[PDB]
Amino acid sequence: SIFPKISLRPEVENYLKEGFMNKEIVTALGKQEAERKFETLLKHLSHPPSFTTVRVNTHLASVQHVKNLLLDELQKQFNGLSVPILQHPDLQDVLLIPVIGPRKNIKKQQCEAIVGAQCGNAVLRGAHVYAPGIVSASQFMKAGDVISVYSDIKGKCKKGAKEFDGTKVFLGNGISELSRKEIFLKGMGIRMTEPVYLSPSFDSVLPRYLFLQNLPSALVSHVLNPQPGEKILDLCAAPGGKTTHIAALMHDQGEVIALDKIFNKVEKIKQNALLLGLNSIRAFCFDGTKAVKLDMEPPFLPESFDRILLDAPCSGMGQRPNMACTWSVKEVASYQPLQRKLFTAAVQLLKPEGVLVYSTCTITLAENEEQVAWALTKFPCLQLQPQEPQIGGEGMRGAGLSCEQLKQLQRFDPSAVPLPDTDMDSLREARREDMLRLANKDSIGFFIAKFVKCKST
């Protein structure tokens, strides 16, 4: 609608096309209908999801208790403006907050600010512009003036640049907390008083009760279905959104092991675990590809966990909003070998009759369905299983999988439904039945696979 397609290098944009126009997909659909769904996908990755999704930490407060407190917070932020807060009927701990946008009649100001590409995404998701996110502002920008915020999506603007002619995209207007001289540090930089997409700010709303998580990511731990008193492993876990979710589903009864290769990233897990009141979590900085111990705290012996979650590192191109990804084709393909190494460690560490859930935050066939076919061939002890709840679409063709196997996977296609232009007259002219499905389809690009280990090794 409002934003152009995701700016991809000519090499990577065709690398995705080659996978989305494979012989398996263009035979089921049409050759003209296969490219239409691919170019529609490229147009949707630039836009934010039409819903804000929050996960209630049920170990410290109720869904009924946090929803009421969120209504109190939403009226303060929106100044009487009442946007509903739905509750997902399939995910008991997730609340849905519809996005108001895109607004297209916003008058642009002469005072400007450029922010980082990732900071620009958070603005489109309801965040304000804090101090370390501004990359450039107008020369002598007065503290307290209404300012036009733009996202440096190519990430090419140097810090403190007086001007910037490169590709920038309008994010809305707001009044600034600080001056340009004071910027070029923490605190509030630019309070978004008129964003293109309207959604609540969740910076420090209810740190012990909430966790802002995408719907397909909160669905992951539900699909994993941990049980109280089980030994669960989160191989790639930081910052621990799913790890804390798994601990909450077990009522903190059991053992949840969390790993990640970066020291500070692991510290975030420990803070989030303590902040949300989970004591069953134990986080370690460790290479998951080396987490298997043998004859001669990680590493662990094989067949040691009841369930294992591999939210593997990926190309991350199933992210929304994503208006520019300047990666190489080699950097996008950089994740396939590392995924297969982490997968091999999980299969060995999983107990017999254990459950393994594999998930990515990208859209590529080589990282989602091709890995499932590779796993079920290299690991005869594994067997694909149906998922509960089933929220996303079927698996994508091109990996030579069954129709019964594709029906068992959950791939979230942002191309599934058209982008809505939600103003406040639209919700008052809509039913709760339609918005629940829109939240299940207008999601980020995501993939979920679930296996079970038949025999031992």
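From 1 onward, residues are counted along the sequence shown.
- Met192, present in the displayed chain, carries coordinates in each of the other PDB entries compared that cover both sides of it, far from a third leaving it out.
- In at least a third of the other compared PDB entries of this protein that cover both flanking sides, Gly160 is left without coordinates.
- Unmodelled deposited residues between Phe184 and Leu185: 4 to 9, per the record.
- The gap between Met296 and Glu297 holds 4 to 9 unmodelled residues of the deposited sequence.
- Set 365 to 373 against 107 to 115 and average the Cα temperature factors; 107 to 115 ends up higher.
- Higher mean CA temperature factor between 141 to 149 and 375 to 383: 141 to 149, per the PDB entry.
- Comparing the C-alpha B-factors of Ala283, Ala248, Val94, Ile190 in the entry, the top value falls on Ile190.
- When the C-alpha B factors of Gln271, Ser304, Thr344, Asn173 are read from the deposited coordinates, the top value falls at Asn173.
- For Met435, the recorded CA temperature factor ranks within the highest third of the chain's modelled residues.
- Per the deposited record, the Cα B-factor of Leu427 falls in the highest third when ranked against the other modelled residues of its chain.
- For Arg36, the recorded CA B-factor ranks within the highest third of the chain. Only modelled residues enter the ranking.
- In this PDB entry, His128 carries a Cα temperature factor that places it within the middle third of its chain's modelled residues.
- Per-chain ranking of the deposited C-alpha B factor places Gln410 in the lowest third.
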